[PDB]
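Sequential numbering from 961 applies to the sequence shown in the deposited numbering.
This report refers to the structure that appears directly beneath it.
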Amino acid sequence: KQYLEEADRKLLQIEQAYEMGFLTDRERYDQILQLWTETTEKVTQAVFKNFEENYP
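What follows is the structure, given as structure tokens:
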């Protein structure tokens, strides 16, 4: 949930950056994809760490 909310705000930042002509469409796209890839990795690691520590 945390990792989602985090993402959900970072997205907004990126969106802002696109509103004011700092990012092109492609750049925004790439940054969103990168963000979601990293987030996905984080939730994977969180799943496995939760298993390892609490339910081995």
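Virtual Cβ for every residue (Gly too), placed ideally from N, Cα, C.
Straight-line CA distance for residue i to residue j?
i	j	result
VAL1003	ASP968	14 Å
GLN994	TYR1015	31 Å
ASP990	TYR963	19 Å
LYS1009	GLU998	16 Å
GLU987	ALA1006	28 Å
Taking residue i and residue j to be in contact with their CB atoms under 8 Å, please state how far apart those CB atoms are, rounded to whole angstroms.
i	j	result
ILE992	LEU972	That belief does not hold up - the Cβ atoms of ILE992 and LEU972 are roughly 11 Å apart, past 8 Å.
Would you say residue i faces chain C, with C-beta separation under 8 Å as the test?
i	result
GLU1013	Among the protein chains of the structure shown there is no chain C, as only one such chain exists.
Quiz item: Would you call the region 997-1015 and the region 972-989 touching, i.e. three or more CB-CB distances under 8 Å?
Solution: The region 997-1015 makes no contact with the region 972-989; the number of CB pairs closer than 8 Å stays below 3.
Quiz item: Can you list the alpha helix (DSSP H) stretches of 4 or more residues lying completely in the region 963-1000, in chain order?
Solution: Fully enclosed alpha helix (DSSP H) runs of 4 or longer: not present.
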